[PDB]
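Each chain is listed here by its residues.
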Amino acid sequence: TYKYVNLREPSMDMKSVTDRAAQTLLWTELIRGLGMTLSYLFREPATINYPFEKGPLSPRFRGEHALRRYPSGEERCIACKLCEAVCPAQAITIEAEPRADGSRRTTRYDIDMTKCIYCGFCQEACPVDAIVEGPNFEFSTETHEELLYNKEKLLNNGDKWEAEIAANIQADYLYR
Amino acid sequence: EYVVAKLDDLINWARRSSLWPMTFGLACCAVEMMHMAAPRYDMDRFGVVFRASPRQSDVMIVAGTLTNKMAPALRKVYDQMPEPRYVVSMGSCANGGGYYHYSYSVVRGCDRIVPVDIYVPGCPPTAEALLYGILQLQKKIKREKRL
Amino acid sequence: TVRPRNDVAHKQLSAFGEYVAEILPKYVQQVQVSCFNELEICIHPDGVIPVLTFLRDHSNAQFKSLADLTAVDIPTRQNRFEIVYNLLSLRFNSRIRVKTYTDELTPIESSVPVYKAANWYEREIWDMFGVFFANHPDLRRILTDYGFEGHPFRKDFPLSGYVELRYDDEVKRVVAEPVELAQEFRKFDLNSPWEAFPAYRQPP
Amino acid sequence: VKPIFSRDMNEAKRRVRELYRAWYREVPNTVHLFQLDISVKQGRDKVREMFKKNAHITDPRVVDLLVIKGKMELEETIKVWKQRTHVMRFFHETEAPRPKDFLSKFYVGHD
Amino acid sequence: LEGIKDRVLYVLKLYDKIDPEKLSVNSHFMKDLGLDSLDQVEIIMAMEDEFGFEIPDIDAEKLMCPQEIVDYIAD
Amino acid sequence: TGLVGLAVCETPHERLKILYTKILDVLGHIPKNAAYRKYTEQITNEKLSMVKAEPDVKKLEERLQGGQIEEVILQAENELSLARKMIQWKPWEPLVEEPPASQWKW
Amino acid sequence: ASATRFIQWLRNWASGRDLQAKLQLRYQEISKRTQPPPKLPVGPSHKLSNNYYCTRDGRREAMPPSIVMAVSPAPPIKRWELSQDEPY
Ligand SMILES: NC(=O)c1ccc[n+]([C@@H]2O[C@H](COP(=O)([O-])OP(=O)(O)OC[C@H]3O[C@@H](n4cnc5c(N)ncnc54)[C@H](OP(=O)(O)O)[C@@H]3O)[C@@H](O)[C@H]2O)c1
Ligand code: SF4
Ligand code: SF4
Ligand code: SF4
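Rules and cut-offs
Sequence-order numbering is used: residues on each chain count from 1 as written, possibly diverging from the entry numbering, and only residues with coordinates are shown. Numbering of ligands from 1 and lettering of chains from A proceed in the order in which they are written. Each value listed describes the chains present in this view, a part of a larger assembly. Just so you know, side-chain values use all the structure's heavy atoms and leave hydrogens and water out. Residues with missing side-chain atoms are left out of burial classes, side-chain pairs and their counts. UniProt positions are given in the numbering used here, feature names are shortened, and annotations may be inferred rather than shown by experiment. The helix and strand labels rest on DSSP assignments: H or I over at least four residues marks a helix, E over at least two residues marks a strand, and numbering proceeds from the N terminus. With C-alpha atoms as the basis for the radius of gyration, the globule rule is written as 2.2 Å multiplied by the number of residues raised to the power 0.38. When checking whether two residues touch, look at their non-hydrogen atoms; a contact exists if any pair is within 4.5 Å. DSSP-based pairing: two strands are paired if at least 2 bridges between them are found. Counted as a polar contact is a pair of N or O atoms within 3.5 Å, where, for protein atoms, one must be capable of donating a hydrogen and the other of accepting one, and residues adjacent in sequence contribute only when both atoms are in side chains. Handedness of a crossover: with both strands directed away from the viewer, a clockwise path from the first strand across the helix to the second marks it as right-handed. Criterion for a salt bridge: a side-chain nitrogen of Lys or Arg within 4 Å of a carboxyl oxygen of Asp or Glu. Nonpolar residues are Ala, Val, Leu, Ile, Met, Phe, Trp, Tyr, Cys and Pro. Charged residues are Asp, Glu, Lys and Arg, and all others, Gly as well, are polar.

- Structure determination for the deposited model, as stated in its record, used cryo-EM, and the stated resolution is 4.13 Å.

- Under the annotation held in the PDB entry, chain C carries the name NADH dehydrogenase [ubiquinone] iron-sulfur protein 3, mitochondrial and is attributed to Bos taurus.
- For this structure, the PDB header gives the title as "Mitochondrial complex I in the deactive state".
- Looking at the Sequence similarities heading of the UniProt record, one finds this comment for chain C: "Belongs to the complex I 30 kDa subunit family."

- If you check the PDB entry, chain A appears there as NADH dehydrogenase [ubiquinone] iron-sulfur protein 8, mitochondrial from Bos taurus.

**Quick look at the overall build of chain C**
- The helix and strand tally for chain C stands at 4 helices and 7 strands.
- Reading the helices (α) and strands (β) of chain C from amino to carboxyl end gives α-α-β-β-α-β-β-β-β-α-β.
- Rg of the C-alpha trace for chain C: 22 Å, well past the compact-globule value of 17 Å for 204 residues, more than 25% over.
- If one aligns the C-alpha atoms of chain C with their principal axes, the spans along those axes are about 70 × 50 × 35 Å.

**Here we look at the interface of chain E and chain D**
- Each side of the interface is counted separately: chain E has 9 residues, and chain D has 4 residues.
- When contributions to the side of chain E that touches chain D are tallied by element, the ones reaching two or more residues are α2 (37-51) and α3 (57-62) of chain E.
- Tallying contributions element by element places α2 of chain E first for the side of chain E that touches chain D, with 5 residues.

**A word on the sheet that holds strand β5 (residues 95-100) of chain C**
- Across the sheet, which stays open at both edges, the 6 strands sit in the order β3(C)-β4(C)-β5(C)-β2(C)-β1(C)-β1(G) with mixed pairing between neighbours. Here the strands that pair on one side only, and so sit at the sheet edges, are β3 (65-73) of chain C together with β1 (66-67) of chain G.
- Two strands pair when backbone bridges link them, and strand β1 (residues 31-35) of chain C and β1 of chain G are joined in this way by 2 bridges, in the antiparallel orientation. Looking across to β1 of chain G, one finds that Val33 of chain C is bridged to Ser66 of chain G.

**Here's the deal with the side chain of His65 of chain A**
All names here are of chain A.
- Position of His65 among the secondary structure elements: in strand β1 (residues 64-67).
- Here the side chain of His65 touches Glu133 through a polar contact of 3.0 Å, side chain to side chain.
- Beyond its immediate chain neighbours, meaning those up to four positions away, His65 contacts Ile111, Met113, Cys116, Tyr118, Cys122, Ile131, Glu133 and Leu155.

**Section: unusual backbone geometry**
- Even without a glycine there, the phi angle at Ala100 of chain A is positive, about 55 degrees.
- Secondary-structure assignment places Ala100 of chain A in the loop between β2 (92-98) and β3 (104-111).
- Its identity is not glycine, yet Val68 of chain G carries a phi of approximately 55 degrees, on the positive side.
- Within the fold, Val68 of chain G resides in the segment after β1.

**Re the pairing of strand β1 (residues 59-63) of chain B**
Residues and elements named next belong to chain B.
- Alignment of β1 against strand β2 (residues 86-90), held across 5 bridges, turns out to be parallel. Looking at the pairing, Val59 lines up with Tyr86 of β2.
- Tracing the backbone out of β1, into helix α3 (residues 71-80) and back to the parallel element β2 gives a crossover that is right-handed.

**Thoughts on the pattern of salt bridges**
Residue and element names in this part refer to chain C.
- Here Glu40 ties to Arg97 by a salt bridge, and the two come within 3.1 Å at their closest N and O atoms. With a gap of 57 residues between them, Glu40 in strand β2 (residues 38-43) and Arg97 in strand β5 connect regions that are remote in the sequence.
- With its nearest N and O atoms 2.8 Å apart, the salt bridge here joins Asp156 to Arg80. Of this pair, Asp156 sits in the segment after β7 (133-134) while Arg80 sits in the loop between β3 and β4 (81-88), placing them 76 residues apart in sequence.
- Bridged by salt links that share partners, the residues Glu38, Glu40 and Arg97 form one connected network.

**Regarding the interface of chain B and chain A**
- Counting from both sides, the interface comprises 30 residues of chain B and, opposite them, 28 residues of chain A.
- Sorting the residues of the side of chain B that touches chain A by element identifies α4 (92-96), β3 (118-120), α5 (127-130) and α6 (135-140) of chain B as the ones contributing at least two each.
- A breakdown of the residues in the side of chain B that touches chain A according to their chemical character gives 13 nonpolar, 10 polar and 7 charged.

This is the structure in structure tokens:
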């Protein structure tokens, strides 16, 4: 509702002119600029020592891809290819086959980290809640081969993070 | 001998202590790169400084997308770098093109132009995960320079 | 009822569907479209400069500002390109669209003397689409490479391109270009059967 | 009544002659000021192979559009923009092509 | 007059497109000497660069014979 | 006094009256039966009747203009250039140009 | 010295009032693990009877009418007065 920026020359005569002239003959505003930085030094630095202190995070966080399973064994993923179609990077590749014993499950399951923008659609499009995004950062590699995750073999190694996953999903059902 | 092996540890420790980067912008990643400067996730706690110094710098951190126009631009910079040099691909674009992998104008993830030593996986590479671009690099310096 | 949006200013805005049409040139008007309080006018390519001088500093319609200069590429028609001049009035607070049509390779009358911002968007269309503009000062490639073949958007050629792969090979400084191999794009055949909408289907 | 781009039928060919005249004088500038790379003689042969592909002259509009395109891709090296030998290299040198033969292409793998 | 007939003949023979016995002074490049349509543009460019570059597109059509080309350059 | 834009911070009255009287003569050269002459005249004479009624009033400057009096004159300055361009290149009177091919629906 | 009592006088003295609202400012009223499990409320649907999609049209009125081939586009944008909270 119309604010203005310019003051349009506040100085008029004697008292209002000389003090504005004072901050050009001597400095004062440099001392006033020094004052804000002085108070900033004395207050404690808000720093986190990474290998010992950790930065604050959420109950629902996306970063690491790992496929969950049922409490009584059994691979939770069904090979719907649903998560493939939603995937905006088209990162997740899937080949489906029957497991010779009635059940319809996975054979090839590559989610390459060369692609994937960590959007978390595959977390939210899965009807069985197979892919749950684990709060992890510890996956920096030397090679591409070491980076792109293979057919479930490195994703079912996400069972080592499933203790956090089962606790963090307790915020997902009945959302936050 | 034992004296030579311990001396090679001191040369490796000189780089393990301090790494001075030439951080490439040209990305949404560049903001998360600027979050290293942010006090909450401090990086000047290490021997790393945001003075850059393009000719002097050791470890160039390629952040994000590399287009065909910027493809010869980054290569000529890498040649001007001193011999103990490392390349950190920061973000999914710098790895293998997170998005824009199937686009015409984007080079498919840095390695086709410049060799990458340490890969940082995340789109917005969180300042938590980005401290594996320093500490894991410092851990990886063993080299085993025998002769 | 909760969930839909209500419209009331449609009749007040429909008056311009008569006003600009009552000027009545075969040189300009042709077809007038108006829906959800927005006006679409498609104008013959021969007149673009005399059309955009109008709606500029005119007492009834004072736009003065050009925000978007988007172009629609469509292979169905003989006239392939549908260049849309999107105008915005700051005095009257209303938006209008000045649509045009150009075929495979024909120059349109460029709005450089009318708008000073047009030239940057005009270079963008010549890059992406290949539509040349007459009476234009310094037509240059901005988004494309300095040695790029074809036009990046055109629906004639694929998404991945042709000179996509770039190696730092056996030659010390020269970056390779002409290799055409890439990882395959999974073109999903997604198109739902049964027409979802009435008042859109046309008889053959 | 109809657009003509720049020239009508005959004058469009003279614009190509004007384009060939300008681009023939710019190959010493792309060696001494830019980089040696290959040769002065092979650089002039690189011009001839480009125009031999455009042997299909049928419309004044098609020719003129190629002239305007030619007044940008070859104008790029006159007022020198960022290329640095990696860009502005039209001739393929890195990749070796397979010859068009029924016995050669079938042995390697084609179609 | 003597310099124009000596410099242009030496420049035409150096191009190696036509034999010295085939083209001497009066033998035209259009039919007699045996030169292509692109070769006529190349020969006119090489002859202008040696003596003094001032060749327009309109004069290129008139310049077909080497004797006529020497007269056009002198005038 | 201070104008918003780069237009001079001054209010020249009757200078606006000169410009509006000039453009009425410009409109009556070639278009006479055309609607462009018909529609512009009924807006300009409507404004001229309100300018002549109230001199140097802030309410008079606010009449279908919004901003300053100099800004209203700037909104009529290029209107003379628009009228002159309409006289040189005229689509208001003739209609002869070719209709497009029957395809516009998406 | 690292004692807060003497330091708080210095930071208050050197340009502007401080004391309250620290640089870190994550001491009190920062709830960890959010809250006990909540129940998300339902909208105008979910409850049965008179929940037809015939009434909830959504995507129905969309067809564009072709028009024709002194009037203003809108009542002119009148300028708003200066702010009462701050004049300049
Ligand atoms: N133009 C010419 O100079 C020329 C002329 C005629 C023939 N040739 C032949 O072509 C070849 C060209 O190679 P080059 O001379 O260019 O090689 P080079 O530059 O001398 O480099 C040799 C590399 O191979 C490794 N290497 C060699 N012998 C090794 C051993 N016994 N155990 C472990 N690592 C070994 C070394 O690694 P470490 O340092 O880690 O051991 C070294 O990095 C030669 O073998 C030569 O016979 C060359
Ligand atoms: S991850 Fe979920 S959505 Fe994807 S195939 Fe497995 S069960 Fe289906
Ligand atoms: S997080 Fe998004 S981009 Fe990554 S695999 Fe899942 S759906 Fe694809
Ligand atoms: S990885 Fe994500 S944040 Fe980084 S440049 Fe690519 S899209 Fe932007």
